[PDB]
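Remarks on the structure that follows.
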Amino acid sequence: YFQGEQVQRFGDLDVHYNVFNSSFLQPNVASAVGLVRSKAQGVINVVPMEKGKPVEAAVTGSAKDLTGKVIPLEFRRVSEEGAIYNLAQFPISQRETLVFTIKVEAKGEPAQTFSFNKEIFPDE
């Protein structure tokens, strides 16, 4: 899912990411990471890259709301149709602005961390 895709760049390391409703996940992709597709659940996809090529990485992170409540994120790796994805699910209970903090540990490389804001909208 490319709609709303963003890129954070750290020299050679280009981190592509997107936050969307888990209903937009393909059934085979969701099953592979054990996520039950639900309008009540969001998903974040993190795809790290170097020189236009995908790189193996440990992706970790969390999201925080305005009350300081931390939403833990557990990323799971899935390789579907040659493309490698790092997906984490999170519940959507209401309209909210979340601050996402993601850490990317690419193979043999020092860790990189980035943050971004995302407005979450529950779906009917």
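Residues are referred to by chain and number: the chain letter is A, B, ... according to the order shown in the structure tokens, the number counts from 1 in that chain, and ligands are numbered separately from 1 in the order shown.
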Problem set entry | Spatial neighbours of residue 56 of chain A, 12 Å, only C-alpha atoms, chain gap at least 3 places, as an NGL selection string | :A and (13 or 46-50 or 53 or 59 or 77-79 or 83-86 or 104-109)
Got time to write the residues from that selection, C-alpha atoms, as a PDB file, in the first residue's frame?
```pdb
ATOM      1  CA  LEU A  13      19.765   4.362   4.570  1.00  0.00           C
ATOM      2  CA  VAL A  46       8.596   0.071   7.531  1.00  0.00           C
ATOM      3  CA  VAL A  47      10.810  -0.777   4.521  1.00  0.00           C
ATOM      4  CA  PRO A  48      14.546   0.112   4.944  1.00  0.00           C
ATOM      5  CA  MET A  49      16.761   0.428   1.843  1.00  0.00           C
ATOM      6  CA  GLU A  50      20.346   1.167   0.673  1.00  0.00           C
ATOM      7  CA  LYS A  53      18.205  -2.299  -2.774  1.00  0.00           C
ATOM      8  CA  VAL A  59      12.632  -2.797  13.139  1.00  0.00           C
ATOM      9  CA  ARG A  77       8.833  -9.626   8.736  1.00  0.00           C
ATOM     10  CA  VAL A  78       7.022 -10.805   5.600  1.00  0.00           C
ATOM     11  CA  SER A  79       8.419 -11.351   2.067  1.00  0.00           C
ATOM     12  CA  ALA A  83       9.235  -7.486  -1.650  1.00  0.00           C
ATOM     13  CA  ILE A  84      10.276  -7.493   2.085  1.00  0.00           C
ATOM     14  CA  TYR A  85       7.920  -5.805   4.651  1.00  0.00           C
ATOM     15  CA  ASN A  86       8.085  -5.004   8.397  1.00  0.00           C
ATOM     16  CA  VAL A 104      15.928   0.613  12.361  1.00  0.00           C
ATOM     17  CA  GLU A 105      18.923  -1.714  12.941  1.00  0.00           C
ATOM     18  CA  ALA A 106      20.104  -2.649   9.459  1.00  0.00           C
ATOM     19  CA  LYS A 107      22.475  -5.684   9.241  1.00  0.00           C
ATOM     20  CA  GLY A 108      26.010  -4.719  10.366  1.00  0.00           C
ATOM     21  CA  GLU A 109      25.056  -1.000  10.610  1.00  0.00           C
TER      22      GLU A 109
END
```
Exercise. Can you tell me, as a count of residues only, what residues are no more than 7 Å from residue 116 of chain A when counting only C-alpha atoms, ignoring any on the same chain fewer than 3 positions away?
Worked result: 3
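Restricting the calculation to only C-alpha atoms, the smallest distance between residue 60 of chain A and any of A:92, A:19, A:111, A:120 is found for A:111.
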For this session: Counting only C-alpha atoms, figure out which residue out of A:102, A:87, A:55, A:70 gets nearest to residue 22 of chain A.
Result: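 Comparing A:102, A:87, A:55, A:70 against residue 22 of chain A, the winner is A:87.
Using only C-alpha atoms, the smallest distance between any of A:25, A:39, A:12, A:2 and residue 112 of chain A comes from A:12.
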For this session: Name all residues at most 12 Å from residue 123 of chain A (count only C-alpha atoms; drop same-chain ones fewer than 3 positions away) and give them as a ChimeraX atom specification.
Result: /A:20-24,38-42,91-95,120
Generate the output file for the selected residues, N, CA and C atoms, as a compact mmCIF listing (two decimals), in the first residue's frame.
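Result file is out04.txt:
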```txt
# COMPACT_ATOMS: atom_id res chain seq x y z
N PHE A 20 -1.58 2.79 7.73
CA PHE A 20 -2.89 2.67 7.09
C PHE A 20 -3.77 1.65 7.86
N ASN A 21 -5.06 1.54 7.46
CA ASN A 21 -5.99 0.61 8.09
C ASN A 21 -5.63 -0.82 7.67
N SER A 22 -5.65 -1.79 8.60
CA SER A 22 -5.26 -3.18 8.32
C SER A 22 -6.19 -3.84 7.27
N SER A 23 -7.41 -3.27 7.04
CA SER A 23 -8.34 -3.78 6.00
C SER A 23 -7.70 -3.69 4.60
N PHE A 24 -6.73 -2.77 4.40
CA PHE A 24 -6.06 -2.59 3.11
C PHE A 24 -4.95 -3.64 2.91
N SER A 38 -8.96 -6.05 10.38
CA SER A 38 -10.03 -5.44 11.15
C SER A 38 -9.98 -3.93 10.98
N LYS A 39 -11.16 -3.30 10.82
CA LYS A 39 -11.29 -1.84 10.66
C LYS A 39 -10.86 -1.11 11.95
N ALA A 40 -10.90 -1.82 13.11
CA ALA A 40 -10.50 -1.40 14.45
C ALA A 40 -8.97 -1.45 14.67
N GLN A 41 -8.21 -1.94 13.67
CA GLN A 41 -6.75 -2.11 13.76
C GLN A 41 -6.03 -1.39 12.64
N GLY A 42 -4.96 -0.70 13.01
CA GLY A 42 -4.12 -0.04 12.04
C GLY A 42 -2.88 -0.86 11.85
N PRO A 91 -4.15 -0.96 17.93
CA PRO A 91 -5.60 -0.73 17.96
C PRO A 91 -5.94 0.73 17.67
N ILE A 92 -7.10 0.94 17.03
CA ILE A 92 -7.67 2.26 16.73
C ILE A 92 -9.02 2.32 17.45
N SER A 93 -9.08 3.08 18.55
CA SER A 93 -10.27 3.19 19.38
C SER A 93 -10.98 4.53 19.16
N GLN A 94 -10.26 5.56 18.67
CA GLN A 94 -10.81 6.89 18.49
C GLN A 94 -9.93 7.75 17.60
N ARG A 95 -10.42 8.94 17.27
CA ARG A 95 -9.69 9.99 16.58
C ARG A 95 -8.53 10.44 17.45
N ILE A 120 -4.82 9.65 13.29
CA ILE A 120 -5.52 8.39 13.12
C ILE A 120 -7.03 8.68 13.12
```
For this session: as an MDAnalysis selection string, list the residues of chain A assigned to alpha helix (DSSP H) by DSSP on the backbone atoms of this structure.
Result: chainID A and resid 27:32
Take the residues from that selection and write them out as a PDB file, in the first residue's frame, keeping C-alpha atoms.
```pdb
ATOM      1  CA  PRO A  27      -5.161 -11.610   2.991  1.00  0.00           C
ATOM      2  CA  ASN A  28      -1.893 -13.583   2.356  1.00  0.00           C
ATOM      3  CA  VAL A  29       0.310 -10.771   3.796  1.00  0.00           C
ATOM      4  CA  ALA A  30      -1.870 -10.443   6.984  1.00  0.00           C
ATOM      5  CA  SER A  31      -1.909 -14.291   7.566  1.00  0.00           C
ATOM      6  CA  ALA A  32       1.928 -14.459   7.181  1.00  0.00           C
TER       7      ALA A  32
END
```
